[PDB]
C-alpha cells in the first residue's frame, strides 16, 4: 500500500462510520430501488470507492472527494427530502467536506514536512 491509499482508506472508514445501516455501502440495484438506473446515470457508493482505492485509481484527494460528492448528490436526486436516504446523504456530504476541507488538508500537508 502507499501512503495515499492509507489516507483515503482512513477518510472512507470515517465516513462509513456515519452510515451504520449501510445504505451507501453497496450499489443501488433496481431490485432494491425500482427504476433507479433510469434516473441515476453515474452511480456511486462506498464499496465502489474502496475498490478504486485498492486499484490505486485516485491520484488526489480531490478525485476521491468528487466520487464522494457524486454518491451524495445521486441520493439527494433520486430520493425526496422527506426520506431517510435524502437526509443521511445531506448529513454525510457535510461531514465529508468538513473532514477533507482545504484548511484540514493544508494542515496535513504542513505535518508531512
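Residue numbers count along the first chain shown, from 1.
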Exercise. So which stretch wins on mean C-alpha B-factor, 84-92 or 26-34?
Worked result: 26-34
For this session: Going by the average Cα B-factor in the PDB entry, point out whether 72-80 or 52-60 comes out higher.
Result: 72-80
Exercise. Taking the C-alpha B-factors as the PDB entry records them, is residue 104 in the lowest, middle or highest third of its chain?
Worked result: middle
Exercise. Ranked by Cα temperature factor within the chain, is residue 2 in the lowest third, the middle third or the highest third?
Worked result: middle
Seminar exercise, completed: Of the three thirds of the chain ranked by Cα temperature factor, residue 98 occupies the middle
